[PDB]
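This document starts with one chain, in the form deposited in one PDB entry, laid out as structure tokens.
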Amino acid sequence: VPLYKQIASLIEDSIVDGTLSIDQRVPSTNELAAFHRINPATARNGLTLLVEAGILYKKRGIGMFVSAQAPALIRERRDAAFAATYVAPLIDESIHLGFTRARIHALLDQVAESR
């Protein structure tokens, strides 16, 4: 995983854990660069990634802040990544193999009951 992504995820984690709130300045490119001791452009790319997702917003002349719906955004995105990565190919292959809805649901239970 690229460093700008690792930085972005650390910030989301802080938002999920509740250690970073809504009216709390987010560490700046310069502050993140100094702390994690990484390249500024890397910290920047991480922050921008969160902007483009609607998780952070710029308060003119003050700094970066957290959107109130950030928690919902991180949760919804991670849930969608989960569905596409783990459920989408499962369903596609089910159709390919010709399984019925009942068969797939039974397979799920059969595996859960027998790990």
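So that there is no doubt, residue numbering starts at 1 and follows the sequence shown.
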{"query": "19-27 versus 88-96 - which carries the larger mean C-alpha B factor in the record", "finding": "19-27"}
{"query": "39-47 versus 72-80 - which carries the larger mean C-alpha B factor in the record", "finding": "39-47"}
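Below, we refer to the form deposited in another entry, which is not included among the displayed structures.
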item: Rigid part versus rigid part between the shown form and the other one; hinge residue out of 90, 76, 21, 54; value: 76
